[PDB]
Each structure stands twice: as C-alpha cells, then as structure tokens.
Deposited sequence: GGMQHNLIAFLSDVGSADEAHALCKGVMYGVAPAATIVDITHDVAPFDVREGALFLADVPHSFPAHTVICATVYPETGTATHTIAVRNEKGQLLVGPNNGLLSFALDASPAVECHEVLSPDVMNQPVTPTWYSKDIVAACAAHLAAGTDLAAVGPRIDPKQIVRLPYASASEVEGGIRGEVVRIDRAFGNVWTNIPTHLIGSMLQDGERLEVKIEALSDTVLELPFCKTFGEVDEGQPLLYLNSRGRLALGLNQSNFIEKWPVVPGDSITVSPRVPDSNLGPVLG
C-alpha cells in the first residue's frame, strides 16, 4: 500500500515570474493539506528535458526518504507520452513525464517499482490537454504524498520502458571528456571526468593548478578542482569562467600532464 511522503520537491520550466507554478501547488494543497512544497527550480530552459534531468540528479541523495520528487517539464503534454510514478531504492517517490526527465535521478537511486499514471482518481478533473503538469503530474504527486498506493495510479510497467537520456562517459586516451553543465550563478564549468581517472594541461591550451577550493589561487585566476559530485571542474577565483573562455555543454575537454 501507500506511505505518507510529507515533502514535495517541485521542478518545472514554467518559471516563477507568473502564477503557473503556484497553481500547481494550489492544486497540491487541495489534495494534500499537510504537505510541504519545496521548489527545486522553475527556471529550467523552456522544453529542455536534458537540463531539467541534470538538475534532478543530486536531489534523491540530498532529500530525505519521505519526498515526492515532482518533475514537470512536459512539452509532450496532451499526447501519447504518459506520466509515470516511481518508487526508488531510498523509498522516495517520483512523478513526471516518461520523456527522459527522471533519467539522472534514477541513476542516483534506481527504480524499484513503476507505474504509468492513467487513473482519473489521482488526476485533477477535468484534465486540460495543454496542462498535464498541473492536472496529472502535480495532482498525482500530491495524492502519493497523502498516502495513495502506487498501484492505484495505473498499470505497472518495466523499468526499461522508462525513457532514458544518453550520458557520455569520460575515457582515458591524457583523459578526454566533455562539458556537461555550466554553473549559471558563478560561471563555473562542470565536466564528466570523475575523481578518479586523474600543474596540469587542459585543452585553446591552458596550464591550470589543481586545487581543493577556489581561494587557493589569487582573485581572478583560473583553477581546476573536484566538485561535490566527484567530477572535475573549471573556475575563476571570485570571477566568471565562461565570460573569459565561453564554453557550452557538449564541448570537448582534454586533461594531460
């Protein structure tokens, strides 16, 4: 049966500059009054399922077991692509479109049970075809939060029926990797190079010192370091790296002695 998950972790691409995300929400308190709603972010680039998926990766680990991860970038709203409900190995519940959005969250804690959200009893009637995020995803997330059995949302599916996004691995060739994501607020660059395969040379060619933290080099100076995810990163001490060297997600990066 169901279990109370009092904490809803809410992620979308509708922004926080208008009421859309708050309505969702209004709906969620209606179903689950006791729930604590927490925004992950709503400022995922429009339709960008990959970026949303990347933002969700560290969520399962950072959040307690009584969490409903509600992911809501759904450009396929009102079409054949369904919403899915998942229970992971930590015990957390997650709800979102079966479009690859939960890919990296499930890498952190794998799927133990999944179901397609097909039952109207966990939906917000009547369902608007252009707003599945509110009427299906958010509504279902609140029902599971209130303690609804996972089985009641719809029929069981295999974990392989969950759409997964491709993630490129770094390999020893020197080690070649790529830029996965830029830390928007600061301009730091994150790579897919783990601890793990490792003054070094990074290829434009640069000689960068490897540090434990930002303040080990002078203000404005570049550095290499390992982030919280065990991956290699580039930054300027108290400055914006991608304003000096404008890299984009997907670009190659090679590290050699």
{"item": "Missing segments of the deposited chain sequence, listed N- to C-terminal", "value": "174 to 175, 201 to 208, 214 to 219, 274 to 285"}
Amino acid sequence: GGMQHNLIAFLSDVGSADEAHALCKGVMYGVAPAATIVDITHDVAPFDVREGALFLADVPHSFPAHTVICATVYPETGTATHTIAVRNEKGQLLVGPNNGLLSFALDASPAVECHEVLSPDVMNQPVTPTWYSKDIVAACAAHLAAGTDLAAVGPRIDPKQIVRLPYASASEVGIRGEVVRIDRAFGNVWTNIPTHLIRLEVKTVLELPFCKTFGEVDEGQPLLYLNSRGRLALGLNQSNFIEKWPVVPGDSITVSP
From here on, numbers count along this sequence of modelled residues.
item	value
Of 100 to 108 and 118 to 126, the stretch whose C-alpha atoms average the higher B-factor in the entry	118 to 126
62 to 70 set against 36 to 44, stretch whose average Cα temperature factor tops the other in the entry	36 to 44
Residue with highest C-alpha B-factor in the PDB entry, from 160, 90, 156, 181	181
Of the residues 242, 9, 14, 22, the one carrying the largest Cα B-factor as recorded	242
Entry-reported Cα temperature factor of residue 176, expressed as the chain third it lands in	highest
Chain-relative CA temperature factor third for residue 194	highest
For residue 83, the third of its chain into which the C-alpha B factor falls	lowest
Modelled-residue ranking by C-alpha temperature factor, third containing residue 29	middle
Modelled-residue ranking by C-alpha temperature factor, third containing residue 170	highest
